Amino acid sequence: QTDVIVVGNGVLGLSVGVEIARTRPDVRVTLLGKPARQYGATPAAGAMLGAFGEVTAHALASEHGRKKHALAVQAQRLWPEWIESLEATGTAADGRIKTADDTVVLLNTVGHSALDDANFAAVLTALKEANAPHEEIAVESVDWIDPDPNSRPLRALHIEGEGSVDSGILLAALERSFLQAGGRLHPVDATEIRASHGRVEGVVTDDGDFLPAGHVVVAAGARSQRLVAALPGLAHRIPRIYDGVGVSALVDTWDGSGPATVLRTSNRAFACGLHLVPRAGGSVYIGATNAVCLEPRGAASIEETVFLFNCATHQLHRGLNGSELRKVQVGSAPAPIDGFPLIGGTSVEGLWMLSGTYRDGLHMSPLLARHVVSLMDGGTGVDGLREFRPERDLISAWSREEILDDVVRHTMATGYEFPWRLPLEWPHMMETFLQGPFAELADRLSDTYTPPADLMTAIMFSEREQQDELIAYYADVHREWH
C-alpha cells in the first residue's frame, strides 16, 4: 500500500491528517479515534497560541529550551494562513477559530519572586530579541480586569499577534477540512502497530479488524509511546510519556462580557498557569492546573478546582465569583520523561510519531504537521526539530544542580501562589529542609539521568514501588544507549 493511517483524533492527528490529505490527493489517508476523546488534552485547552507568554528564565537557560522557544516563534508565524485555510472549507455560521489576536501578561505578587519576576524579565528579553511587536503598558489601561486590590497586577505587557483559538471550533474545522481534502474517519482505536523486516504493514483496531498501510503516524497523545514501544527492541529507545493532567473551566460571565485579549501570568509552580481565554456567546475559558500523574486520571481534584477558581476571581475579575460554572474540563498533556517532544522518524520504515508536546502541542500543531509531511515526502522538514527525533537516549538539558534548585523553587512557589500566611522564619526553614531529600532522590534514581522538576515532585510523593520501577527503567535506558 501507499495508504497512510493517522492514529489519534486530537489537534495533532487531525492537523497531520489535513496536511497529508491536501499534499497527496493520490493516496488514501485514514484517521483513527472515537468522538469521546478520552483524556483528550485538545478539548480541555483554551487555547492560547503561547510563544512569548510560555517563556521562563529556566527554559531560556538551556540550549534545548532556546530551540523549543525558536520552534514556538516559527509555529506562531504559520497560524494566520493555517486558520484562513481551515475557515475557507466552512461558512460564517461555523464560528470563528480565532477568539483573540493579542495577549496581556500580568505581574502580581501572588507568587514566588524567584519565578514570576525572573519569568516576566525573560519574556520581555525574548520579545526584544525576536523583534516581536509588544509594549509594557499601564495596568490602568488593561480593559475589563477587576482584581482584588491585594491581588492586583502592578505591571502589564501587551503582546500583538499572540492570541487564542476556540479548541472546539478548531477540531470541527479540522474534521471538516480533512473530509474536504478526501480523508476518511474510521471511529475506532488502534490496539497494535504491525511491522516486520523493519517496515510498517498496518494497524490492528479494537474491533479485531486489520488496516494495511505503508505509512503510520502515531499522534495518540499520552498513549503514543506505549503503542510504538511494543515493537521489537524499542521499549528503551522511545522515551516514556506520562499524563500531564490539566484542569480548566468554562464560565458564563455575570453580564455576558469578556476581555478583548488573552489575560495570563507567566508559567508558575510545576507548569501551572493562570489565564483567561475569550470565547463567543458570553463564555470565558479559565485555566489551567497541571500535575504529572504516573497513572491516567479522568477527573479534576477538589484542590485543582478551588485553586483555579480562587486565582481567577482574585487576580483577573471579582465578577467571576457570581458567574455561572458551565463545565470543569480535564485533559492529559502528554508529559515526556526527558521534557522534550517526540517528533519524526523511527528505525522502522514508514513509522512516524508526533507526541510528548506537553502544554504547547496545540500551538506547535501546524509546524509539527508540515515537518512530518516533509519527512514522509523525502524532505528534511523544519531545521532544529532534529534533536526531538522520537528514537533517542533521554536528553539531559540541565545539570542535576539546576534541576534541584528548580524543584525547590517550584515547591516553595506552591506556597506563595496559594497565597499562604505563615511566620516569616518558616519559608527559610522549609527551603533548607527540602534540599536534602530532593538531592537524595536524584542521586538514588540514576547516576546519569535526572527527571525535570514537574516529574521529580510526582516521583518524590509516589509509592516506593513506583520509585523502584523508575530506577529499573533509567538503568535499562543507560544499558541500551551506552
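Quick note: we count residues from 1 along the sequence shown, nothing fancier.
Of the two stretches examined, 260 to 268 and 80 to 88, the record assigns the greater average C-alpha temperature factor to 80 to 88. Checked against the record, the higher mean CA B factor of 296 to 304 and 114 to 122 lies with 296 to 304. Annotation for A130, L71, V228, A173: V228 ranks highest, by Cα B-factor. Take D94, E162, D148, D405 and read off each C-alpha B-factor from the entry; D94 has the highest. Among all modelled residues in its chain, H363 ranks in the lowest third by Cα B-factor. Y285: CA B factor lies in the lowest third for its chain, per the PDB record. Per the PDB record, residue ranking by Cα B-factor puts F309 in the lowest third of the chain.
When the modelled residues of the chain are ordered by their C-alpha B factor, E135 lands in the middle third. Among the modelled residues of its chain, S62 has a C-alpha B-factor that falls in the middle third according to the deposited record.
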